[PDB]
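This document starts with one chain, in the form deposited in one PDB entry, laid out as structure tokens.
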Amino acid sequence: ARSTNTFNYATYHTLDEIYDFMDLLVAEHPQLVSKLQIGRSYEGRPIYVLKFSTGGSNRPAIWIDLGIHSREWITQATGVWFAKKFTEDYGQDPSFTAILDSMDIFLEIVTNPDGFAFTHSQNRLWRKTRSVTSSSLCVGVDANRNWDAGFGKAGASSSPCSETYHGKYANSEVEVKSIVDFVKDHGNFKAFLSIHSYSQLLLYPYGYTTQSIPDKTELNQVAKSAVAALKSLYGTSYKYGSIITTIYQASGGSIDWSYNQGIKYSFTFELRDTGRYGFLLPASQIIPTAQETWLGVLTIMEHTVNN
């Protein structure tokens, strides 16, 4: 509400409330966080990233995006909690302090703002963007099938009405191209984390091909360590592995694209639960989910600073 200390982190919020939160956080911690506009959505809403930094010039960086699939409301709620947590733990947690003293963090809480507004207004289960194509009355693209990584291959649909429609061409969705351009221009991202729900999975590349990545041994051990840290708070059990061996072939996904740009520490989290509530996770689970997920993310960031 009036301060980030009176904001209710244990309930779900609207787009306007999350955008107001971002401005409160910047006003309270102007030496540590800044708000960047990296584009505008199809319906003209600003696309914002929060940059957390203690200085430097183009320091090596960590990317985290949440909410690319709009109905996965636990992810935007986790992103708000993360933003606050960064500002609380800098100078208090020795390990997070060391990360931010050497690296920058870029956090995109609402990666698909038009879908998110639609889930509040019209259809709680909407997952796609809201772009319109002329050959159909169906709306929207699955923005996690629109990236230039095996685009249009098996594990995505070419039908505009499908929930897994990949779009007309790679990077057709402005929500995806805004990220692509920003990461390419920056050139010094070391980790790329995309957060989803549900199923309790920690995945590494690839989804579009059976080929094993050259860094499989290391990314598998980092994933094991991150799942063990996450489980330590409440006992939540995650599985881990490559996308294609753990779930199924899926093309056009963001961490396949980021790994092929040379961003070695590329992971997707699928948060709680395993299906009892699914996308309609009760608000009473927001803070426990965020707290345990933070331990998993911090484990990946520690490995990145030292490697």
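Start at 1 and count along the sequence shown; that's the residue number.
Modelling of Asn146 is complete across the other compared entries in which both of its neighbours are modelled; not even a third of them leave it out. For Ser158, the record comparison shows coordinates present in all the other entries of this protein that model its neighbours, with no third of them leaving it out. Look at the mean CA B-factor for 26-34 and for 236-244 in the entry; the higher one is 26-34. As the entry records it, the average C-alpha temperature factor is higher for 211-219, out of 176-184 and 211-219. Looking only at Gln200, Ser194, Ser159, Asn112, the residue with the top Cα B factor in the deposited structure is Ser159. Between the residues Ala283, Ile18, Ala290, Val297, the entry's highest C-alpha temperature factor is the one at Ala283. Ranked by Cα temperature factor within the chain, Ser57 sits in the highest third according to the deposited record. In the PDB entry, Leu125 places in the middle third of its chain by CA B-factor. Remark: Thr164 belongs to the middle third of its chain, ranked by C-alpha B-factor as recorded. When the CA B factors of the chain's modelled residues are split into thirds, the value for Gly79 lands in the lowest one.
Among the modelled residues of its chain, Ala226 has a C-alpha B-factor that falls in the middle third according to the deposited record.
Below: the form solved in complex with a small molecule, not depicted.
Highlighted residues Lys51, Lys85 and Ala290: none comes within 4.5 Å of the small molecule in the entry with it bound, counting any heavy atom. Checked against the small molecule in the entry with it bound, the residues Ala61, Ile243, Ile64, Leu281 give one hit for a heavy atom within 4.5 Å, which is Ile243. Of the residues given (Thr119, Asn144, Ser131, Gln76), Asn144 alone sits with a heavy atom within 4.5 Å of the small molecule in the entry with it bound. In short, of 217-225, 85-93, 194-202, 103-111 it is 194-202 that has heavy atoms within 4.5 Å of the small molecule in the entry with it bound. Of the heavy atoms in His69, some are within 4.5 Å of the small molecule in the entry with it bound.
Proximity of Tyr277 to the small molecule in the entry with it bound: non-hydrogen atoms within 4.5 Å are absent; the residue sits far from the partner. Mapping the unseen interface onto this chain, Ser258 falls outside it, with no heavy atom inside 4.5 Å of the small molecule in the entry with it bound.
Contact between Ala250 and the small molecule in the entry with it bound is found at the 4.5 Å heavy atom cutoff.
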